[PDB]
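Chemist: I am sharing structure-v1.pdb, which consists of PDB, C-alpha atoms and all ligand atoms:
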```pdb
ATOM      1  CA  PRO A   1     166.336 -25.493 112.831  1.00  0.00           C
ATOM      2  CA  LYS A   2     164.917 -29.059 112.832  1.00  0.00           C
ATOM      3  CA  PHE A   3     161.776 -29.331 110.703  1.00  0.00           C
ATOM      4  CA  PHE A   4     158.625 -31.360 111.277  1.00  0.00           C
ATOM      5  CA  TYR A   5     155.116 -32.169 110.079  1.00  0.00           C
ATOM      6  CA  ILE A   6     152.117 -31.616 112.352  1.00  0.00           C
ATOM      7  CA  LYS A   7     150.021 -34.693 111.647  1.00  0.00           C
ATOM      8  CA  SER A   8     146.360 -35.155 112.582  1.00  0.00           C
ATOM      9  CA  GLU A   9     145.415 -38.132 114.753  1.00  0.00           C
ATOM     10  CA  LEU A  10     141.906 -37.828 113.266  1.00  0.00           C
ATOM     11  CA  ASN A  11     142.844 -38.691 109.638  1.00  0.00           C
ATOM     12  CA  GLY A  12     146.672 -38.703 109.222  1.00  0.00           C
ATOM     13  CA  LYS A  13     146.524 -35.557 107.044  1.00  0.00           C
ATOM     14  CA  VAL A  14     148.974 -32.772 107.917  1.00  0.00           C
ATOM     15  CA  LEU A  15     148.810 -29.016 108.531  1.00  0.00           C
ATOM     16  CA  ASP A  16     149.438 -27.276 105.217  1.00  0.00           C
ATOM     17  CA  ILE A  17     149.675 -23.640 104.095  1.00  0.00           C
ATOM     18  CA  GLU A  18     146.970 -23.684 101.379  1.00  0.00           C
ATOM     19  CA  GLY A  19     148.404 -23.539  97.867  1.00  0.00           C
ATOM     20  CA  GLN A  20     151.939 -22.992  99.182  1.00  0.00           C
ATOM     21  CA  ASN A  21     150.929 -19.339  99.359  1.00  0.00           C
ATOM     22  CA  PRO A  22     153.652 -17.148 100.979  1.00  0.00           C
ATOM     23  CA  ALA A  23     151.252 -14.207 101.553  1.00  0.00           C
ATOM     24  CA  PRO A  24     149.957 -13.147 104.992  1.00  0.00           C
ATOM     25  CA  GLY A  25     146.461 -14.462 105.607  1.00  0.00           C
ATOM     26  CA  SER A  26     146.897 -17.739 103.709  1.00  0.00           C
ATOM     27  CA  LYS A  27     144.692 -20.413 105.266  1.00  0.00           C
ATOM     28  CA  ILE A  28     146.240 -23.265 107.200  1.00  0.00           C
ATOM     29  CA  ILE A  29     144.308 -26.407 106.165  1.00  0.00           C
ATOM     30  CA  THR A  30     144.630 -30.213 106.367  1.00  0.00           C
ATOM     31  CA  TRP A  31     146.167 -31.945 103.329  1.00  0.00           C
ATOM     32  CA  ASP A  32     147.668 -35.286 102.320  1.00  0.00           C
ATOM     33  CA  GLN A  33     151.312 -35.491 103.380  1.00  0.00           C
ATOM     34  CA  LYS A  34     153.923 -34.624 100.736  1.00  0.00           C
ATOM     35  CA  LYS A  35     157.694 -35.306 100.757  1.00  0.00           C
ATOM     36  CA  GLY A  36     160.522 -33.489  98.958  1.00  0.00           C
ATOM     37  CA  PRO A  37     161.129 -29.779  98.213  1.00  0.00           C
ATOM     38  CA  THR A  38     157.422 -29.063  97.507  1.00  0.00           C
ATOM     39  CA  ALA A  39     156.608 -30.090 101.095  1.00  0.00           C
ATOM     40  CA  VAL A  40     157.930 -26.763 102.460  1.00  0.00           C
ATOM     41  CA  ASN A  41     154.359 -25.512 103.111  1.00  0.00           C
ATOM     42  CA  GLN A  42     153.779 -28.575 105.339  1.00  0.00           C
ATOM     43  CA  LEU A  43     156.999 -28.111 107.355  1.00  0.00           C
ATOM     44  CA  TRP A  44     157.382 -26.275 110.643  1.00  0.00           C
ATOM     45  CA  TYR A  45     160.018 -25.530 113.287  1.00  0.00           C
ATOM     46  CA  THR A  46     160.051 -24.066 116.775  1.00  0.00           C
ATOM     47  CA  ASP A  47     161.802 -20.703 117.313  1.00  0.00           C
ATOM     48  CA  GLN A  48     163.841 -19.771 120.396  1.00  0.00           C
ATOM     49  CA  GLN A  49     160.607 -19.234 122.397  1.00  0.00           C
ATOM     50  CA  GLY A  50     159.242 -22.673 121.355  1.00  0.00           C
ATOM     51  CA  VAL A  51     156.840 -20.854 119.036  1.00  0.00           C
ATOM     52  CA  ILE A  52     155.862 -22.647 115.832  1.00  0.00           C
ATOM     53  CA  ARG A  53     156.916 -21.099 112.523  1.00  0.00           C
ATOM     54  CA  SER A  54     156.562 -22.204 108.913  1.00  0.00           C
ATOM     55  CA  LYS A  55     159.571 -23.413 106.888  1.00  0.00           C
ATOM     56  CA  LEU A  56     158.007 -21.532 103.904  1.00  0.00           C
ATOM     57  CA  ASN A  57     158.302 -17.894 105.062  1.00  0.00           C
ATOM     58  CA  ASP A  58     158.972 -18.133 108.827  1.00  0.00           C
ATOM     59  CA  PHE A  59     155.368 -17.011 109.503  1.00  0.00           C
ATOM     60  CA  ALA A  60     153.530 -17.798 112.746  1.00  0.00           C
ATOM     61  CA  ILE A  61     150.204 -19.578 113.089  1.00  0.00           C
ATOM     62  CA  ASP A  62     147.592 -16.806 113.678  1.00  0.00           C
ATOM     63  CA  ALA A  63     144.209 -17.325 115.382  1.00  0.00           C
ATOM     64  CA  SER A  64     142.845 -13.735 115.210  1.00  0.00           C
ATOM     65  CA  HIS A  65     139.930 -14.768 112.947  1.00  0.00           C
ATOM     66  CA  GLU A  66     137.481 -17.733 113.074  1.00  0.00           C
ATOM     67  CA  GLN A  67     139.853 -19.890 111.020  1.00  0.00           C
ATOM     68  CA  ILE A  68     143.621 -20.092 111.389  1.00  0.00           C
ATOM     69  CA  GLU A  69     145.936 -18.436 108.884  1.00  0.00           C
ATOM     70  CA  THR A  70     149.631 -17.462 108.499  1.00  0.00           C
ATOM     71  CA  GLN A  71     150.913 -14.136 109.760  1.00  0.00           C
ATOM     72  CA  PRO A  72     154.376 -12.815 110.401  1.00  0.00           C
ATOM     73  CA  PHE A  73     155.405 -13.624 113.988  1.00  0.00           C
ATOM     74  CA  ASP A  74     154.867 -10.826 116.473  1.00  0.00           C
ATOM     75  CA  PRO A  75     155.794 -11.625 120.093  1.00  0.00           C
ATOM     76  CA  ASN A  76     153.171  -9.104 121.305  1.00  0.00           C
ATOM     77  CA  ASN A  77     150.177 -10.859 119.676  1.00  0.00           C
ATOM     78  CA  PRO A  78     149.176 -13.807 121.970  1.00  0.00           C
ATOM     79  CA  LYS A  79     147.140 -15.399 119.170  1.00  0.00           C
ATOM     80  CA  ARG A  80     150.356 -15.879 117.071  1.00  0.00           C
ATOM     81  CA  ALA A  81     152.234 -17.936 119.720  1.00  0.00           C
ATOM     82  CA  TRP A  82     151.448 -21.642 119.336  1.00  0.00           C
ATOM     83  CA  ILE A  83     153.638 -24.310 120.897  1.00  0.00           C
ATOM     84  CA  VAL A  84     153.829 -28.101 120.898  1.00  0.00           C
ATOM     85  CA  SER A  85     152.221 -29.416 124.088  1.00  0.00           C
ATOM     86  CA  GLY A  86     152.097 -33.232 124.193  1.00  0.00           C
ATOM     87  CA  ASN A  87     149.919 -34.254 121.308  1.00  0.00           C
ATOM     88  CA  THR A  88     148.276 -30.813 121.087  1.00  0.00           C
ATOM     89  CA  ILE A  89     149.197 -27.472 119.461  1.00  0.00           C
ATOM     90  CA  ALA A  90     148.498 -25.073 122.321  1.00  0.00           C
ATOM     91  CA  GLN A  91     148.403 -21.280 122.722  1.00  0.00           C
ATOM     92  CA  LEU A  92     151.571 -20.262 124.623  1.00  0.00           C
ATOM     93  CA  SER A  93     149.599 -17.993 127.030  1.00  0.00           C
ATOM     94  CA  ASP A  94     146.674 -20.363 127.466  1.00  0.00           C
ATOM     95  CA  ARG A  95     147.549 -24.021 127.204  1.00  0.00           C
ATOM     96  CA  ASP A  96     143.885 -25.038 127.368  1.00  0.00           C
ATOM     97  CA  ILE A  97     143.240 -23.355 124.009  1.00  0.00           C
ATOM     98  CA  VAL A  98     144.354 -25.712 121.227  1.00  0.00           C
ATOM     99  CA  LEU A  99     144.267 -26.113 117.443  1.00  0.00           C
ATOM    100  CA  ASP A 100     141.127 -27.926 116.279  1.00  0.00           C
ATOM    101  CA  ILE A 101     139.998 -29.279 112.884  1.00  0.00           C
ATOM    102  CA  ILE A 102     136.594 -27.577 112.513  1.00  0.00           C
ATOM    103  CA  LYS A 103     133.620 -29.986 112.987  1.00  0.00           C
ATOM    104  CA  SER A 104     136.102 -32.885 112.728  1.00  0.00           C
ATOM    105  CA  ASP A 105     135.983 -32.460 108.927  1.00  0.00           C
ATOM    106  CA  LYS A 106     137.948 -35.464 107.571  1.00  0.00           C
ATOM    107  CA  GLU A 107     138.213 -34.202 103.984  1.00  0.00           C
ATOM    108  CA  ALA A 108     141.325 -32.578 102.521  1.00  0.00           C
ATOM    109  CA  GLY A 109     141.219 -28.795 102.594  1.00  0.00           C
ATOM    110  CA  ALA A 110     139.559 -28.628 106.033  1.00  0.00           C
ATOM    111  CA  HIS A 111     139.990 -25.496 108.125  1.00  0.00           C
ATOM    112  CA  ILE A 112     141.358 -25.301 111.645  1.00  0.00           C
ATOM    113  CA  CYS A 113     140.202 -23.164 114.591  1.00  0.00           C
ATOM    114  CA  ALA A 114     141.260 -22.396 118.159  1.00  0.00           C
ATOM    115  CA  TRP A 115     139.010 -24.169 120.667  1.00  0.00           C
ATOM    116  CA  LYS A 116     139.138 -25.155 124.332  1.00  0.00           C
ATOM    117  CA  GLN A 117     140.799 -28.572 124.776  1.00  0.00           C
ATOM    118  CA  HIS A 118     138.187 -31.394 125.075  1.00  0.00           C
ATOM    119  CA  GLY A 119     140.088 -34.575 124.251  1.00  0.00           C
ATOM    120  CA  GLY A 120     138.525 -35.193 120.807  1.00  0.00           C
ATOM    121  CA  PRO A 121     140.837 -36.599 118.102  1.00  0.00           C
ATOM    122  CA  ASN A 122     140.242 -33.437 116.011  1.00  0.00           C
ATOM    123  CA  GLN A 123     142.551 -31.596 118.461  1.00  0.00           C
ATOM    124  CA  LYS A 124     145.294 -34.309 118.596  1.00  0.00           C
ATOM    125  CA  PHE A 125     148.476 -34.148 116.539  1.00  0.00           C
ATOM    126  CA  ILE A 126     151.606 -36.300 115.953  1.00  0.00           C
ATOM    127  CA  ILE A 127     154.903 -34.443 115.463  1.00  0.00           C
ATOM    128  CA  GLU A 128     156.798 -36.098 112.601  1.00  0.00           C
ATOM    129  CA  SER A 129     160.396 -35.175 111.800  1.00  0.00           C
ATOM    130  CA  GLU A 130     160.964 -34.126 108.181  1.00  0.00           C
TER     131      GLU A 130
HETATM  132  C1  LIG B   1     152.762 -28.080  95.827  1.00  0.00           C
HETATM  133  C2  LIG B   1     151.540 -27.280  96.163  1.00  0.00           C
HETATM  134  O1  LIG B   1     151.425 -26.089  95.876  1.00  0.00           O
HETATM  135  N1  LIG B   1     150.576 -27.991  96.763  1.00  0.00           N
HETATM  136  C3  LIG B   1     149.447 -27.405  97.437  1.00  0.00           C
HETATM  137  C4  LIG B   1     148.955 -28.363  98.539  1.00  0.00           C
HETATM  138  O2  LIG B   1     149.983 -28.558  99.511  1.00  0.00           O
HETATM  139  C5  LIG B   1     147.695 -27.799  99.186  1.00  0.00           C
HETATM  140  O3  LIG B   1     148.030 -26.582  99.870  1.00  0.00           O
HETATM  141  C6  LIG B   1     146.652 -27.530  98.081  1.00  0.00           C
HETATM  142  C7  LIG B   1     145.338 -26.973  98.593  1.00  0.00           C
HETATM  143  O4  LIG B   1     144.364 -26.933  97.520  1.00  0.00           O
HETATM  144  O5  LIG B   1     147.221 -26.626  97.134  1.00  0.00           O
HETATM  145  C8  LIG B   1     148.316 -27.199  96.433  1.00  0.00           C
HETATM  146  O6  LIG B   1     148.697 -26.233  95.452  1.00  0.00           O
HETATM  147  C1  LIG B   2     133.423 -32.047 120.565  1.00  0.00           C
HETATM  148  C2  LIG B   2     133.714 -31.518 119.187  1.00  0.00           C
HETATM  149  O1  LIG B   2     134.303 -32.207 118.352  1.00  0.00           O
HETATM  150  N1  LIG B   2     133.288 -30.269 118.961  1.00  0.00           N
HETATM  151  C3  LIG B   2     133.648 -29.495 117.784  1.00  0.00           C
HETATM  152  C4  LIG B   2     134.806 -28.535 118.099  1.00  0.00           C
HETATM  153  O2  LIG B   2     135.954 -29.303 118.475  1.00  0.00           O
HETATM  154  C5  LIG B   2     135.065 -27.592 116.910  1.00  0.00           C
HETATM  155  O3  LIG B   2     135.615 -28.253 115.762  1.00  0.00           O
HETATM  156  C6  LIG B   2     133.761 -26.909 116.476  1.00  0.00           C
HETATM  157  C7  LIG B   2     133.944 -25.956 115.313  1.00  0.00           C
HETATM  158  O4  LIG B   2     132.806 -25.078 115.270  1.00  0.00           O
HETATM  159  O5  LIG B   2     132.781 -27.911 116.147  1.00  0.00           O
HETATM  160  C8  LIG B   2     132.430 -28.706 117.265  1.00  0.00           C
HETATM  161  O6  LIG B   2     131.462 -29.603 116.765  1.00  0.00           O
END
```
Before we go any further, please render this structure as structure tokens.
Modeler:
Amino acid sequence: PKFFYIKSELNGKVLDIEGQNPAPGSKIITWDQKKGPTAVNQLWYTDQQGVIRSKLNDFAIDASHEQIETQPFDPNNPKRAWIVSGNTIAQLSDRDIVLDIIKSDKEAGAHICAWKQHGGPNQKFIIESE
């Protein structure tokens, strides 16, 4: 489909599958934006259900643990269905739960959690076409 970056309003860094790792359970972190073929682990698309998937391996965003990680999409696991909702990345079944850069950590490599929406910039994202 059409690919995009999910770019933090906090620091302009983008969501990134850490180390371009194709394995389940790879952490999704913030990282400086890359362009070209190597950017595949920073590129995302929405499936037929509007659910976000990685260009790398078609994995979903998973929020089953304290930090977010990649997992194969399963439509029966509510914590693997994340959608674009304005400038937030929201849980399909609960739009008030959103992706959140933990403790507003501005450094590269920062981890992301699911948290209730509170309007802080650490929960705000710009969708940028590839
Ligand atoms: C091309 C590539 O692999 N780059 C990744 C980078 O995107 C980021 O995930 C970083 C985290 O330390 O690891 C690097 O290996
Ligand atoms: C208002 C605010 O930014 N609160 C943050 C929250 O968004 C989340 O990142 C959490 C991680 O434990 O840390 C809190 O300090």
Chemist: Kindly indicate which residue among A:67, A:76, A:109, A:57 lies nearest to ligand LIG 1 (chain B), using all atoms listed in the file for the distances.
Modeler: A:109
Chemist: Check which residues fall inside 6 Å of ligand LIG 1 (chain B) when counting all atoms listed in the file, and print them as a PyMOL selection string.
Modeler: chain A and resi 16-20+38
Chemist: Name every residue that the PyMOL selection byres (((chain A and resi 50) around 9) and not hetatm) selects in this structure, writing the answer as a CSV table (one decimal) with C-alpha atoms, keeping the file's coordinate frame with chains first and numbers rising.
Modeler:
```
chain,number,residue,atom,x,y,z
A,45,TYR,CA,160.0,-25.5,113.3
A,46,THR,CA,160.1,-24.1,116.8
A,47,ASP,CA,161.8,-20.7,117.3
A,48,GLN,CA,163.8,-19.8,120.4
A,49,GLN,CA,160.6,-19.2,122.4
A,51,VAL,CA,156.8,-20.9,119.0
A,52,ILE,CA,155.9,-22.6,115.8
A,81,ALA,CA,152.2,-17.9,119.7
A,82,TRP,CA,151.4,-21.6,119.3
A,83,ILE,CA,153.6,-24.3,120.9
A,84,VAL,CA,153.8,-28.1,120.9
A,92,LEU,CA,151.6,-20.3,124.6
```
Chemist: Can you tell me how far CA of residue 77 (chain A) sits from CA of residue 108 (chain A), in Å to one decimal?
Modeler: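 Result for CA of residue 77 (chain A) versus CA of residue 108 (chain A): 29.1 Å, one decimal.
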Chemist: How close does each residue of chain A get to ligand LIG 2 (chain B), giving the shortest atom pair and distance in Å to one decimal for every residue with an atom at most 10 Å away, counting all atoms listed in the file, sorted by chain and residue number, as a Markdown table?
Modeler:
```
| residue | atom | partner | partner_atom | distance |
| --- | --- | --- | --- | --- |
| A:66 | CA | B:LIG2 | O4 | 9.0 |
| A:67 | CA | B:LIG2 | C7 | 9.5 |
| A:98 | CA | B:LIG2 | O2 | 9.5 |
| A:99 | CA | B:LIG2 | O2 | 9.0 |
| A:100 | CA | B:LIG2 | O3 | 5.5 |
| A:101 | CA | B:LIG2 | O3 | 5.3 |
| A:102 | CA | B:LIG2 | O3 | 3.5 |
| A:103 | CA | B:LIG2 | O3 | 3.8 |
| A:104 | CA | B:LIG2 | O3 | 5.6 |
| A:105 | CA | B:LIG2 | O3 | 8.0 |
| A:111 | CA | B:LIG2 | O3 | 9.2 |
| A:112 | CA | B:LIG2 | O3 | 7.7 |
| A:113 | CA | B:LIG2 | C7 | 6.9 |
| A:114 | CA | B:LIG2 | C5 | 8.2 |
| A:115 | CA | B:LIG2 | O2 | 6.4 |
| A:116 | CA | B:LIG2 | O2 | 7.9 |
| A:117 | CA | B:LIG2 | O2 | 8.0 |
| A:118 | CA | B:LIG2 | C1 | 6.6 |
| A:119 | CA | B:LIG2 | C1 | 8.0 |
| A:120 | CA | B:LIG2 | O1 | 5.7 |
| A:121 | CA | B:LIG2 | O1 | 7.9 |
| A:122 | CA | B:LIG2 | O2 | 6.4 |
| A:123 | CA | B:LIG2 | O2 | 7.0 |
```
Chemist: Find the spatial neighbours of region 1-15 of chain A, counting only C-alpha atoms, within a cut-off of 7 Å - ignore same-chain residues fewer than 2 positions away - and output them as a list in words.
Modeler: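 Once the adjacent positions are removed, what remains is residues 28, 29, 30, 31, 32, 33, 42, 43, 44, 45, 106, 121, 122, 124, 125, 126, 127, 128, 129 and 130 of chain A.
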Chemist: For the atom pair CA of residue 91 (chain A) and CA of residue 25 (chain A), what is the interatomic distance in Å to one decimal place?
Modeler: 18.5 Å
Chemist: What's the separation between CA of residue 53 (chain A) and CA of residue 85 (chain A), in Å to one decimal place?
Modeler: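 For CA of residue 53 (chain A) relative to CA of residue 85 (chain A), the distance reads 15.0 Å.
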Chemist: Using all atoms listed in the file, which of the listed residues (A:41, A:87, A:93, A:71) sits closest to residue 24 (chain A)?
Modeler: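 Residue with the minimum atom-to-atom distance to residue 24 (chain A): A:71.
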